[PDB]
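Read the single chain below, which is given as structure tokens and is the form deposited in one PDB entry.
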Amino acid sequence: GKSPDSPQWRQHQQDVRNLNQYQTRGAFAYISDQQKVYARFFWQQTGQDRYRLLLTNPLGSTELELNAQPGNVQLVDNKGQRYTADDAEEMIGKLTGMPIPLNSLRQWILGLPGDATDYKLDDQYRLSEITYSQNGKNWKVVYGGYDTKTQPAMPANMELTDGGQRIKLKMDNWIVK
């Protein structure tokens, strides 16, 4: 698609990084041969390295609560037990069985490649696909329709796959500042 070496893509990156707060919510789905997790999610982010992920059950209870800051991450599991560790990815994988690539997601959920260098844009110069190798772990990110009701537009449909595990995100809306 559209080349990343274009003023439109540079402008989009700038507009997203110029933001200081991001918040979205929607439907979350984690699928693997070991487990299937369906829940409503709430993602709140401040800057590029601080965020909160909340997964709530259909009935209203918390299935997962994760708050992350560089080198400090707190997690409340599906049984309500709270833990603190230094790395978000190791922590979510070890405590819930869902090895979600949170460190990368804090960039990808915003429509930015982050540490990834292998990616492509759609006709509107918006992130469309990403291939990220993380220790033999090739993550494949596919973007669906964007939320064009915000400025800049933000991702509203995302699918992440590792070949085995699959994570689906569908955002109802966003609030950015």
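Between two forms, the rigid core is defined as the largest C-alpha subset superposing within 1.5 Å. A residue's number is simply how far along the shown sequence it sits, counting from 1.
The same protein also has a form deposited in another entry, omitted here; what follows describes it.
Annotation for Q69: C-alpha shift of 2 angstroms or more between this form and the one not shown, rigid core superposed. Superposition on the rigid core between this form and the one not shown places the CA atom of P58 2 Å or more away from its counterpart. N78 is among the residues whose C-alpha shifts by 2 Å or more between this form and the one not shown once the rigid core is aligned.
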